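The primary structure of each chain is shown beneath.
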Amino acid sequence: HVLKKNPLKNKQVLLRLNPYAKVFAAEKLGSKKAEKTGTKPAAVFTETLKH
Amino acid sequence: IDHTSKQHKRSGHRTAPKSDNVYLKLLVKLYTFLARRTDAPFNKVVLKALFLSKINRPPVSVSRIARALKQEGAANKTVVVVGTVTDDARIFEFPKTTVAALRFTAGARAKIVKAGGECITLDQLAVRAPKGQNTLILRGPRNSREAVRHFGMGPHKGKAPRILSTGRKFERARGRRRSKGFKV
RNA sequence: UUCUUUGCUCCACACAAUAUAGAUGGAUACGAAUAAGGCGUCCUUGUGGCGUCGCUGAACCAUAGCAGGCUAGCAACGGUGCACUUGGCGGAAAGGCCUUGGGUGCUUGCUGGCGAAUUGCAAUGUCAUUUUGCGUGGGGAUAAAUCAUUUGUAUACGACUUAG
RNA sequence: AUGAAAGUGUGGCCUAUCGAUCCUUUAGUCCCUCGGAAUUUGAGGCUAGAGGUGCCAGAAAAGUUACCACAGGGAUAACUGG
RNA sequence: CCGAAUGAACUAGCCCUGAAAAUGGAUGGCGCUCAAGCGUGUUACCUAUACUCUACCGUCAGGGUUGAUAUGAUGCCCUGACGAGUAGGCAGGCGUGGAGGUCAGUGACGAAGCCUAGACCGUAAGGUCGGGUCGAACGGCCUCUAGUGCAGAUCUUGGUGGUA
RNA sequence: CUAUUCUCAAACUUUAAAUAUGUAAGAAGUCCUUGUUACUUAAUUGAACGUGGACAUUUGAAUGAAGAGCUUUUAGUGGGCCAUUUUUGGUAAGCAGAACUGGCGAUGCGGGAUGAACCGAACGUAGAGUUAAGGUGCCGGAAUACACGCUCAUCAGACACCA
RNA sequence: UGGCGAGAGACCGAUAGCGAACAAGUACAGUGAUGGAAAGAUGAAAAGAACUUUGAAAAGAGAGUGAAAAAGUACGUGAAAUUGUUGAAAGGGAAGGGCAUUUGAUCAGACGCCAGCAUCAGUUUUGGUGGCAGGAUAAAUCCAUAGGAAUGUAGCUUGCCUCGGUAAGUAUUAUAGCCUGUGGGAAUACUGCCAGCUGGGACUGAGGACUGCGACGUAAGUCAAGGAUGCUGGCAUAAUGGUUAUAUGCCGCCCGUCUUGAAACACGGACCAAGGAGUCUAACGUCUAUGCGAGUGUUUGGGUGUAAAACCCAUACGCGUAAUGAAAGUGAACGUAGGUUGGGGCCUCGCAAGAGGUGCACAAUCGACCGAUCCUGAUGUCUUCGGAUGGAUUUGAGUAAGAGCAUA
């Protein structure tokens, strides 16, 4: 260790520490959706909010 | 940079002997090597005790050695004195031992040899006991030197006054008896 | 200002310097108002009608070619330099503005024909404006001041005013 | 000592009312010393008091200088300034 | 009669009165009037020896390592943190007169001294070299020793000035 | 005298803070038996110290720990001063005297134009980047920035300590 | 510390050393007692400058002597203050200094100098775009729908009347629209995340065989993976650089001192050279080194000598090896030289964690021993001596397997 490189860039020390960095990038976990057809507004919350 | 402690403070411990002795530096060289490599706690104690000064390596008497082997289970161990081994004409019985000192006195050498024992150096010791196998490290009494009875003198410590003459008329009158003013 | 000839000056060249408060297309001209105008048009010529314009100069003009070579032309009757003439106008610091005819160059308004390499993959890659004495070869003119002497309108000394 | 006793009492219900060395004097004790060896006076010692220092951790002490002096001081007055 | 808001009494903002001192005069100056003033909000932006990263110097700390392994174990090297300073302490060095030892040291083909808008080394104390003048001694290193380093003392002696 | 009333107290007080302040938060600990003792107990009861066993993952709150403890010796100093807050004397003071803390002394650097003490930050030698306090018309690095209002002064106003 | 005669030196080296290195107690001051300087160096040898020329002369310029006259009796060397000339530079009420570069002069590195580009690593500034998250699963806008009003839309109506014009009331959308409710789909902002992608820029390139951790690929190998290499140019010298002077932007009060506070209208300092202030000693405290160590110290003295040196040495003596009392005195083991809690290190069982044992120094503590003080008061007996024996919230600068002596 002559130089502290930086995990967050260089990509190599990011793939070295945190091997899950591959899977995260490949599956796009930083862009997960994944809903909805709920969908549940309120009853009284909205009247107490507006007033 | 609100410093918690004193910056650039030295460890406050001797890392070398202030002694410029060639043969002591050869002995320190051997024990700095053994201390580093062996990983036996004995070799760290001996390295430091070699750095220690004349006031902190007081002479261990043969009588004190004889007492340390009077102990049960520790009767056949090699007696590591780091400093002088002096003679004591007070005792008569002395057993067959091996004692590794820096120096012996002509009287101490006579008594240990005559019992039948082996006067060792620290390098003659190191060649037989690299890890101090079956050793008994001893120290002479530090707080017996005549300077230590004046340390922290005051009322009412019961410490020696620094004086040059010791009779009456010399530091007994006022403040050493309730008769003349007060006591201590 | 010299005639010991060789010194002074104005203009032209070449030359050896000397710099740079800092060219690297152009300092492109109404005045007045700003709760008002500009420009064009009309004619009961006004503090006038009718248009139009602004809201930045990001404009306008210049704007190609060995840092701009050499050549054949077609089309214009033009634009634009260099030197010369015409009448003038400018005094606030006018030292510049016009304006004639001419001449002589160029023109990218338009078709042509050669040239450029090797500054080697950039090196400011040198082109402007002064202060110039230095020899050339032409025009021109041919002095004063100071000291010393003298005066007393003046005077500490200089200086001032006089005189020869 | 008191009180039946539990107990309370090492001066004043508590917070102040006081004083080193040296010297002198007293109390103590079949004491030690006076060194060539004895005894009695005499002196000296040992342990606890007292005689006192109020400048109260304790010199033994009147002025004057306009004839004045030296080391200093803006740590400090008489003039300005703030 | 008229024709669409008024009458007080208070409250506080910024101005104004209250508001007079001596050389000429200070929002720091210039100046600034929908500010370049006052109150408030929003961004942007400028820059400390501070903060982050990196280099190098040093100190301190923790470690590794001559293991046959020749070239330094008081050596080399690894890793981490840190660096203000009067009075003051301690450590590591620089320089001077002498002293013991050593370099079979330098030197009349030039010692020492002095001069040097020449050079090189050192954070520094200082060291080394070239050129000149000069003419008889002097130095490196390991140690010993001290009448050992100057800007101040209305310092001492001697010399020199500006006033002139 | 009775019941009401107005206003007060450094040397009045029932009540009673905030901030500061003591101690504890465990192996030298806890629990269960038992040993001497001239102390104490009516006693075979205790008290002090123990013997022998038992409970160490949670070792009995948080956070930190730069090593923790110990000793010897000796320098300088013993005129201090300033600032927010509490505060005494005083009309007051750049006055005199206190309390806690932070500073100057002994301290450079950026800022308040200038200033020992204010603000911001404490300093090996450099590079780069980013900011503090403070500012960005011109001097002067940086918006003659944006936004809503106020003000016209024949003595305008303009940045805390601070004039 | 006198006189005479000799040897010496880790001494001084002409402002030193004696006041005096010289015709020094001399010159000189004061009535007197007394006070009391400064002052060394040509060269080996005077070879101390013949002789010529300017000037009245001193002297000058020549010639010569000399190894040198840059040694001329103003004499080795000849510093600085201060001055002359020449040369160079700058200069609007000081000058000098700091950081940076320009310019002029100058000069070592002869073996390198100065760049451009590409792809990378560390750092960091400035965009441009992509994918998600959440809220009232935005509010809105938008669409549907219910009701309503005004700053009342078109019409309706009455007035002035050019019949195509205006005021006023009427009325809830008609020949315009608006708000409030409810419902329905979204979308963009605000904030956030991405181990999304991509440009633009700057400073840095420390290290120096390999070793590590990863990634990539079927793999061998490759890689941006434990610190910059590859390609190209010009130049090879004052071109970069250093020194220096100067100019320019900004900064910079005069040092030393006492001081709470100094640029101070507080003190010393005109300038320069040289001299100029924590020394030596007797005796000691601490700490350290060295020797020997229950001892230690030869050096007052003797012997010896290559002669103040070195070498050798007896008897003492100092200190230490015993303390406590005013003193006459007395004087250190009940025990494994004690018990207890700690305690490094070593020994045992073990893989290790650990447990157990033995435990120096040192630390606390409870004891024991010695002297002192207060009692207790046995056998005894010169019948007042002796003080056994055992105690005491008393006391000591003590003992308890010695640390000291000598030197620096």
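Here, residue numbers run from 1 along each chain following its sequence as written; these need not agree with the numbering used in the entry, and residues that have no coordinates do not appear. A letter from A marks each chain and a number from 1 marks each ligand, given out in the order of writing. Part of a larger assembly is what these chains represent; accordingly, every value refers to the shown part. In computing side-chain properties, one takes all heavy atoms of the structure into account and sets aside hydrogens as well as water.

For this deposited structure, the header cites cryo-EM as the method used and 2.9 Å as the resolution.

Caption draft 1: Structural view of the overall build of chain B. A count of helices and strands for chain B gives five helices and seven strands. To qualify as a helix, a DSSP run of H or I must reach at least 4 residues; to qualify as a strand, a run of E must reach at least 2; elements of each kind are numbered from the N terminus. Put simply, chain B runs from its N terminus to its C terminus through helices and strands in the order α-α-β-α-β-β-β-β-α-β-α-β. As a reference, a globule follows 2.2 Å times the number of residues to the power 0.38, and the radius of gyration itself is taken over C-alpha atoms. In terms of overall size, chain B is more extended than a compact globule, its C-alpha atoms giving a radius of gyration of 22 Å where 184 residues would be expected to give roughly 16 Å. With the C-alpha coordinates aligned to their principal axes, the bounding extent of chain B is approximately 65 × 65 × 35 Å. Residue burial is assigned from relative accessible area. The probe radius is 1.4 Å, only protein chains are included, and a residue is buried under 20% of its type maximum, exposed over 50%, and partly exposed in between. By the burial criterion, 32% of the 184 residues in chain B qualify as buried. When the accessible surface of chain B is split by element, carbon and sulfur atoms take 52% of a total near 13,400 Å². Areas reported here follow the Shrake-Rupley algorithm with a probe of radius 1.4 Å; residue values treat only the protein chains shown as occluding.

Caption draft 2: Highlighting a positive patch on the surface. Among the surface-exposed residues, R172(B), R176(B), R177(B), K180(B) and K183(B) lie close enough to one another that they form a single positively charged patch. Here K180(B) is to be found in the segment after β7 (135–138). Put simply, a patch holds well-exposed residues, over 30% relative accessible area, that have no salt bridge, with like charges counted together within 9 Å and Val, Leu, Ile, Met, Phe, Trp or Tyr side chains within 5 Å. Every case where a carboxyl oxygen of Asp or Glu lies within 4 Å of a side-chain nitrogen of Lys or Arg is listed as a salt bridge. In this tally, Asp and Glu contribute negative charge and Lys and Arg positive charge; neither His nor the terminal groups of the chain are included. Taken as the charge location is NZ of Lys, CZ of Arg, CG of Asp or CD of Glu.

Caption draft 3: Just helix α2 (residues 41–51) of chain B, in detail. Taken together, the buried positions of α2(B) are occupied by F42(B), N43(B), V46(B), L47(B), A49(B), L50(B) and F51(B). Note on definitions: a residue-residue contact is assigned when non-hydrogen atoms from the two residues lie within 4.5 Å. Packing partners of the buried residues in α2(B) comprise α1 (22–38), β2 (78–81), α5 (123–126) and β7 of chain B.

Caption draft 4: Looking closely at a nonpolar patch on the surface. Residues and elements named next belong to chain A. Together, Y20, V23 and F24 make up a nonpolar patch on the protein surface, roughly 270 Å² of accessible area in all. Secondary-structure assignment places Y20 in the loop between α1 (12–16) and α2 (21–27). Its relative accessible area of 46% is what places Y20 among the partly exposed residues.

Caption draft 5: Fine view of the nonpolar core. All names here are of chain B. The definition of a nonpolar core used throughout is a set of buried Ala, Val, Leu, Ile, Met, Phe, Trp, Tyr and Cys residues joined through side-chain atoms within 4.5 Å. Ranked by size, the top nonpolar core spans 20 residues in total, and within it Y31, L50, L122 and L125 carry the most contacts. Of all elements in the fold, only α1, α2 and α5 reach the threshold of two or more residues within this core. Setting aside anything within four residues of it in sequence, one finds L50 in contact with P17, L24, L27, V28, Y31, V82, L102 and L122.

Caption draft 6: Structural detail: the protein's contact with RNA strand G. Near RNA strand G there are 82 residues, and of these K54(B), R64(B), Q71(B), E146(B) and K183(B) occur at the shortest range. Protein-adjacent atoms of RNA strand G, using a 4 Å cutoff, are sugar or phosphate at a proportion of 66%. Residue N10(A) places a side-chain N or O atom 3.0 Å away from a phosphate oxygen belonging to RNA strand G. Any pair of nitrogen or oxygen atoms within 3.5 Å is treated as a polar contact; in protein, a donor-acceptor pairing is required on top of that, and neighbouring residues in sequence qualify only through side-chain atoms on both sides. A distance of 3.1 Å separates a phosphate oxygen of RNA strand G from a polar side-chain atom of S53(B). Looking at the surface near RNA strand G, the elements with two or more residues in it are α1, α2 and α3 (45–50) of chain A together with α2, α3 (62–69), β3 (84–86) and β7 of chain B. Looking at the surface near RNA strand G residue by residue, the classes come out as 27 nonpolar, 24 polar and 31 charged. Residue proximity to a molecule or strand is established when one non-hydrogen atom of the residue lies within 4 Å of it. The nonpolar class holds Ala, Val, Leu, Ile, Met, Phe, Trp, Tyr, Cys and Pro. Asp, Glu, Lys and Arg form the charged class, and all remaining residues, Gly among them, are polar.

Caption draft 7: How the structure looks around the pairing of β2(B). Residue and element names in this part refer to chain B. Neither face of β2 is left uncovered, since the one carrying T78 and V80 and the one carrying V79 and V81 both have all their residues buried. In this scheme, strands are said to pair when DSSP sees at least two bridges between them. Pairing between β2 and β7: four bridges, direction parallel. Bridge pairing in β7 links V81 to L138.

Caption draft 8: Region of the structure containing the sheet that holds β3(B). Residues and elements named next belong to chain B. Read from one edge to the other, the open sheet built from three strands follows the order β1-β3-β5, with strand pairing classed as parallel. Each having just a single partner strand, β1 (60–61) and β5 (103–104) make up the two edges of the open sheet. Inspection of the sheet shows β3 paired to β5 by two bridges, in the parallel sense. Each residue of the ladder has a partner; that of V85, found in β5, is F104.

Caption draft 9: Quick look at the environment of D39(B). All names here are of chain B. Mapped onto the elements of the fold, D39 is located in the loop between α1 and α2. With 92 residues separating them in the primary sequence, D39 and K131 have C-alpha atoms 7.9 Å apart. Filtering out sequence-adjacent residues up to four positions away, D39 remains in contact with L34 and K44.

Caption draft 10: Looking closely at the protein's contact with RNA strand E. Residues and elements named next belong to chain B. Taken together, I1, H3, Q7, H8, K9, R10, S11, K25, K29, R36 and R37 form the complete shell of residues around RNA strand E. Take the atoms of RNA strand E that sit within 4 Å of the protein: sugar and phosphate atoms are 74% of them. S11 places a polar main-chain atom, nitrogen or oxygen, 2.8 Å from a phosphate oxygen of RNA strand E. Contacts to RNA strand E include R36, whose side-chain N or O atom sits 3.1 Å from a phosphate oxygen. Of the residues belonging to the surface near RNA strand E, the class tally is one nonpolar, four polar and six charged.

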